[PDB]
């Protein structure tokens, strides 16, 4: 087996390059910006994913700069990163050595869906809570993921730990500075994004997250559609007709809105009868037309829907303990410290 050895720079640590060797290199994906391999570190034996991307050198790689600044248990970590010339024109490739995670919320959900079933609520709670923590964290740095979707939520079957990945669309959102409106995937795009808003905030991720939650409860996407129109129609069916005010807060000067006057047929009418009221309540507070009205990732973590996770005797179906869910840092709570009162249960520690 071919053993590759390179000199890579640690992810978070000091910028002191080390020698890294890996074997069993195989292609496990072919993304937009490049190919993604899967190798095994000769030392620890651990599995990792290598994402190669064309680097122009004419600029600083935005994804790399964001990844180096992140250190959270619910975020895929950049172990190392190095460069390597390619071909076709002797190009410079940036290789990102990320941790390898088995499943994804996408694959898991599909398993249950095409099995005529729904993911047990315990897992819906565990997964969503971790997604909101990772979101609370990156937002505190002013970083917006801009592409939250089931495929980017890596999962570990045994530990039930969820990690956000794919920061290729992430960006530091600065007030007053324009942001492109063509990011984020289909069923998960927030209304303001569909309306071409260029001055949106991190609240777009919260909407995306609300779409994932809803999808986990329904068994299929809540707002399907091949065009923004079809998507807008599905949203209106559930949320009702956007008031002149709401349409203005979503920004886009589309105050000249041409759509039927359909009022909302309540959320309790959207999900199955067994669906927990709190779960439905959370969606309603997450999927709001007015971006400033949506819960903040931190406020969602403290939502009554996640109270079971704060229960001392909570356990995973497989008998194991839940991952660390209360080891919040000052940085994570910064958007609203007083919330620690709820986020951290009386028994929690770490």
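Positions refer to the first chain, counted from 1.
Comparing 92 to 100 with 205 to 213, the higher mean C-alpha B-factor in the PDB entry belongs to 92 to 100. Judged by mean Cα B factor in the deposited record, 30 to 38 ranks above the other of 30 to 38 and 302 to 310.
Comparing C-alpha B-factors across 191, 252, 120, 228 in the deposited entry, the largest value falls on 252. Per the deposited record, 12 carries the highest C-alpha B-factor of all listed residues (336, 341, 12, 330). Ranked against the other modelled residues of its chain, the C-alpha B-factor of residue 223 as given in the entry falls in the lowest third. In the deposited entry, the Cα temperature factor of residue 267 places it in the highest third of its chain's modelled residues. Residue-level temperature factors show residue 282 in the middle third of its chain, judged at the C-alpha atom. Ranked within its chain, residue 236 lands in the middle third, by CA B factor from the PDB record. In this PDB entry, the Cα temperature factor of residue 166 sits in the bottom third of its chain's modelled residues, the lowest group.
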